[PDB]
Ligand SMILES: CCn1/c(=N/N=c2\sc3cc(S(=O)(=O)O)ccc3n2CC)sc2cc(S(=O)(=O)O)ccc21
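Taking the form deposited without the named molecule, here's one chain by itself in structure tokens.
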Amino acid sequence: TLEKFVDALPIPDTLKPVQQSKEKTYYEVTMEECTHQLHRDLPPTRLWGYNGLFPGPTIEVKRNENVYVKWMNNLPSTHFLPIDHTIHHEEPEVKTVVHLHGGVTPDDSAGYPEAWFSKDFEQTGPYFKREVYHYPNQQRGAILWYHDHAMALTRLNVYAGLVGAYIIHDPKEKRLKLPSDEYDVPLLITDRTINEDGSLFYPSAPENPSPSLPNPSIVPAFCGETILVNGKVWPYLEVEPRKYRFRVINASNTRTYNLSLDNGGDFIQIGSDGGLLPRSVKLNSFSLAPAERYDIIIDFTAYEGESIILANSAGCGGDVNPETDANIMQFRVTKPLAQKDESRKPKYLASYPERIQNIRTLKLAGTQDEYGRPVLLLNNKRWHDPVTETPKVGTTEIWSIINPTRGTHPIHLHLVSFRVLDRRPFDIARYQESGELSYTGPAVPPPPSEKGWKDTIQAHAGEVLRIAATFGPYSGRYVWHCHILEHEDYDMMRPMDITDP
């Protein structure tokens, strides 16, 4: 297999505005098919990249900065990854739309799966309204990320390389003196399988297919043989012996990580999806499902000279392999100090996170299609079925998510962030047989990591997860879905209409 830790970690350049004034910041980002080397020992790989880059450029904005991004499709008219036409029913083959994940945006700038467009906007989906997206950024400082969200193609377009980081900086947080600038580094983690000729591999069918099954066929999960951070296989990063802030983003299709440091040292978590936690949290390890973000500090001060592996204990389709997917990247504490470390790891970060208008019971279920494939469904509805999740703007609801399946689903709501209330185990067999919910244990409050603001949340097997969200500030057409892209595309995604009575 590919030799670990021979390439330096790329750090995406920060995007520069096409035009900027005190009143408006205007960016242009074009999707392009490009070639990039993923590892010292591979031929260059054909990829799709925002501005031809994988990951795309990091976008940095201030809270309340009035930002517009014209996302453009300049991609080939044919895909290079296997499209399954059976999963969705004259349209272009390559459809794209950019979703600012965690963004608080009007609905027509949110990247709705049916607001897609082909090259040069020649054809546009049924809910397309605009070319230039508006991001008012009137929301908490946080780590966001952007990625393709096109109907029935998300797993493919994201796997092709269409992901990037988007950081909101709230100037009110500057006084905390968290590690900043060169000492504040995003880590976009994406697992991939790569052929010997350097081409991306994505499966065209499940294992040992019926013959029979459409070809290509969607698969219900994807586990890559190799781990990349910031577009490089198993990279190293030379760090100074001092505190760093890392914006850890899981940009993988299916894979969940469980991260630790191989010297047994601690992370300090300072932030979750929705921004700074009320208090910093000392952690030895953490799980990180698709689309979750952990904003962390690692203090290398006492580790000068050392090589420390960011390790992973979570398997994907099997036990983790010590020589491969057990590794993420390697820190080498060998960079000389550019200056005194004047950063801080404060205990007190932010304030702690209303009438309950509605309690919504939701189940994670599904059925089998005519080919015998599993179709994952929220409340046994298709995407296309009339909308049922219709919160009223400005009101708070509790959503109670029942998971009687065998696996965890990272459930994501667009627009809002939410609080995690609790998780409670139930009798799966009794639920499947009668629809009756019978608890087998008391409710468990969230771990400290989940006591702030979240937008993507692990709903574990045989549990009811309860979250609470206030729906706003915008009314309109949004989405909620599982963020395992293989599940999202078939068909674990539903409209979420926030209404204005």
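Note that residue numbering follows the sequence shown and begins at 1.
Note that the form deposited with the named molecule bound isn't included here; everything after this is about it.
Overlaying the named molecule from its position in the bound PDB entry leaves no ligand atom within 2.4 angstroms of any backbone or C-beta atom here, which marks the pocket as open. When contacts are judged by a 4.5 Å heavy atom cut-off, residue 305 does not count as touching the named molecule in the bound PDB entry. Contact check for residue 393: no non-hydrogen atom falls within 4.5 Å of the named molecule in the bound PDB entry. For the chain shown alone, residue 190 is not a contact residue for the named molecule in the bound PDB entry, no non-hydrogen atom being within 4.5 angstroms. In the bound PDB entry, at least one heavy atom of residue 223 sits within 4.5 Å of a heavy atom of the named molecule. For the named molecule in the bound PDB entry, the listed stretch (214-222, 341-349, 117-125, 274-282) containing residues with heavy atoms inside 4.5 Å is 214-222. Checking 237, 309, 178, 376 for any heavy atom within 4.5 Å of the named molecule in the bound PDB entry turns up a single hit: 376. Here is the short version: of 139, 254, 73, 269, the single residue with a heavy atom within 4.5 Å of the named molecule in the bound PDB entry is 254. Applying a 4.5 Å heavy atom cutoff to the named molecule in the bound PDB entry picks out 487 as the lone residue from 477-498.
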